[PDB]
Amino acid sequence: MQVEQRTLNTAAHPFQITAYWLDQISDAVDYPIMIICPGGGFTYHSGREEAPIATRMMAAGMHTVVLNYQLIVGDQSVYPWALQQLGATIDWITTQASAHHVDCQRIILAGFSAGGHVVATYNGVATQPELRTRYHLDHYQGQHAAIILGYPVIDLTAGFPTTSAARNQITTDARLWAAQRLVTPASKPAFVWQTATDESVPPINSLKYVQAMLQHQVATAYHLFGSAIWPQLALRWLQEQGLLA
């Protein structure tokens, strides 16, 4: 693989992304790509779990890109900047698509914890014209085919953060507080998983989202483990969705 470091800029909010470009086996066919939005309660970007995951997925045959979305650091708000940064990243991939043999019909978004909120919201926002124009995403090219959420934060009042003050710090746009309440038949398929022993992020968050998803008849998969397992289920699910090639 080839590692590419970049600093992109959109809506005057520069962000960092690391692109892990898969290398051809013969050294030609196109491979899927996964964008990873890390956890970190919007105070930092997590990497302890993200590193092993990015590797696992790639081994299955796909490119990966870690998207260090907007944080609250420096007295800032996460939204709507984070969505714009995501759409721009999907865009940055289409331009790199040919040079690195990237299948643009199989772009997958993956979010964890605080990162899961960004990915879950984008799944509701980037899927509706009204929303794409409202949050300025009409000029970005490309679209995702699905998402993977691990112990994701869905509702900004269902546990995390603990104070309304930290909530509004994330964003004062209540319309973006609850990702589940953005799910429409247009949302892309999603694979959700989490442990029932997680104290950092309330399991109800997952349930809330999975329900909405099920209500609007959108392909889904929920795995709430009781206590290497989920990666296998996720990969098998991606095959089912025909997103693995």
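The numbering used is simple: start at 1 and walk along the sequence shown.
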Report summary line: Counting residues of the deposited sequence that sit between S227 and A228 but have no coordinates, the total is 10 or more
**Report entry** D27-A28 interval: deposited residues absent from the model
**Finding:** 1 to 3
Query raised in the report: When the C-alpha temperature factors are averaged for each of 131-139 and 100-108, which stretch ends up with the higher value in the entry?
Result: 131-139
Report summary line: Ranked by mean Cα B-factor in the entry, 61-69 and 189-197, top stretch is 189-197
Query raised in the report: Based on what the PDB entry reports, which of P80, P161, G150, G115 has the top C-alpha B-factor?
Result: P161
Query raised in the report: According to the deposited entry, which of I93, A146, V119, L156 has the largest Cα B-factor?
Result: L156
**Report entry** Chain thirds of CA B-factor: placement of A174
**Finding:** highest
Report summary line: Temperature factor at the Cα of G47, chain-ranked in thirds, falls in the middle
Query - Third of chain Cα B-factors occupied by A88 - result: lowest
Query - Among modelled residues of the same chain, the CA temperature factor third for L207 - result: highest
Query - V183 by Cα B-factor - lowest, middle or highest third of the modelled chain - result: middle
